[PDB]
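Single chain ahead, written as structure tokens, the form deposited without the DNA.
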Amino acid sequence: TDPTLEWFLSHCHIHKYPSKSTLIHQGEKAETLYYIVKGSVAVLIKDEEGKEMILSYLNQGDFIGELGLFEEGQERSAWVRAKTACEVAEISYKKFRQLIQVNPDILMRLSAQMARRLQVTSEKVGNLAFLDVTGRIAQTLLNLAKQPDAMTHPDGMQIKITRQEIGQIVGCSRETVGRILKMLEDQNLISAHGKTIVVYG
């Protein structure tokens, strides 16, 4: 059982958010911490022209908006959009800091999540620096194929994903994803038809 989590949750005010709604806006003054009770969200950044890139998918049990907790006057570092319908707990940093005194184990949990996120984001940095847009998309297709939800196909592995989700992962437009996917098909690397993509061998 987890008494610490119930204790924490009891000090928050829980709300429901339909999918696609924005929970956090980049630039806002940060004064509250969030905790995903149910559902999943996408943490994303945009460029001066609206092109989006997902930094991470966050799910049940994950804290959100923790980056502004340690210093005053911080701004939210990214937008957070509900991927599915969510049930999110919210609490002011001020109240949260009071809880940390009563039981530091709650901070230990938050920090464990921050360390994992740093490891994963550093990994992305490596890829963005070493691969160009074509390689980024190819490697993404390979990783998707290696995932558990990836189905087995007569000629390799089959994955389901829209050209737009791929664009969000690599940080390019869906039209760009379209051109590269077309090129990859001509090189006999994949087979794209509808929302289904077959990765060969």
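Only residues modelled in both forms are compared. For clarity, a rigid core is taken as the largest C-alpha set superposing within 1.5 Å between two forms. Quick note: we count residues from 1 along the sequence shown, nothing fancier.
Omitted from view is the form deposited with the DNA bound, to which the following refers.
Engineer: Could you tell me which one of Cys172, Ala138, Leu58, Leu67 places a heavy atom within 4.5 Å of the DNA in the deposited complex?
Structural biologist: Looking at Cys172, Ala138, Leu58, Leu67 one by one, just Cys172 meets the 4.5 Å heavy-atom criterion.
Engineer: Work out which of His25, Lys16, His11, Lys20 lies within 4.5 Å of the DNA in the deposited complex, going by heavy atoms.
Structural biologist: Comparing distances to the DNA in the deposited complex, the residue within 4.5 Å is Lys20.
Engineer: Residue-level contact is defined here as any heavy atom of the residue lying within 4.5 Å of the DNA in the deposited complex; does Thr32 satisfy this criterion?
Structural biologist: Residue-level check for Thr32: no, no contact with the DNA.
Engineer: Do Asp155 and the DNA share at least one heavy atom pair within 4.5 Å in the deposited complex?
Structural biologist: Answer no; every heavy atom of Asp155 is more than 4.5 Å from the DNA in the deposited complex.
Engineer: Going by a heavy atom distance of 4.5 Å, is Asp132 a contact of the DNA in the deposited complex?
Structural biologist: Within the cut-off, so yes.
Engineer: How about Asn143 - does it come within 4.5 Å of the DNA in the deposited complex, if we only consider non-hydrogen atoms?
Structural biologist: Heavy-atom contact with the DNA at 4.5 Å: absent for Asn143.
Engineer: Tell me, please, which stretch of 33-41, 144-152, 164-172, 59-67 lies within 4.5 angstroms of the DNA in the deposited complex when heavy atoms are compared?
Structural biologist: Of the options given, it is 164-172.
Engineer: Decide if the three candidate residues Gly73, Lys94 and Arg97 all line the DNA in the deposited complex, where lining means a heavy atom within 4.5 Å.
Structural biologist: No: none of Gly73, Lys94 and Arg97 comes within 4.5 Å of the DNA in the deposited complex.
Engineer: Taking the rigid core as the reference frame, tell me whether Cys12 has a CA displacement of 2 angstroms or more between the shown form and the other one.
Structural biologist: No, the C-alpha position differs by under 2 Å between the shown form and the other one.
Engineer: Superposing on the rigid core, is the Cα displacement of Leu131 between the shown form and the other one 2 Å or more?
Structural biologist: True for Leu131: a C-alpha shift of 2 Å or more.
Engineer: Using the form shown as baseline, tell whether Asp132 and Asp47 are closer or farther in Cα-Cα distance in the deposited complex, where the change reaches 3 Å or more.
Structural biologist: Relative to this form, farther apart in the deposited complex.
Engineer: Look at the CA atoms of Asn143 and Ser56: state whether they lie closer or farther apart in the deposited complex than in this form, given a difference of 3 Å or more.
Structural biologist: Relative to this form, closer in the deposited complex.
Engineer: Which residue stretches between the shown form and the other one come out as moving, taking only runs of at least three where every Cα shifts by 2 Å or more after core superposition?
Structural biologist: Runs found: 130-161, 170-201, listed by sequence.
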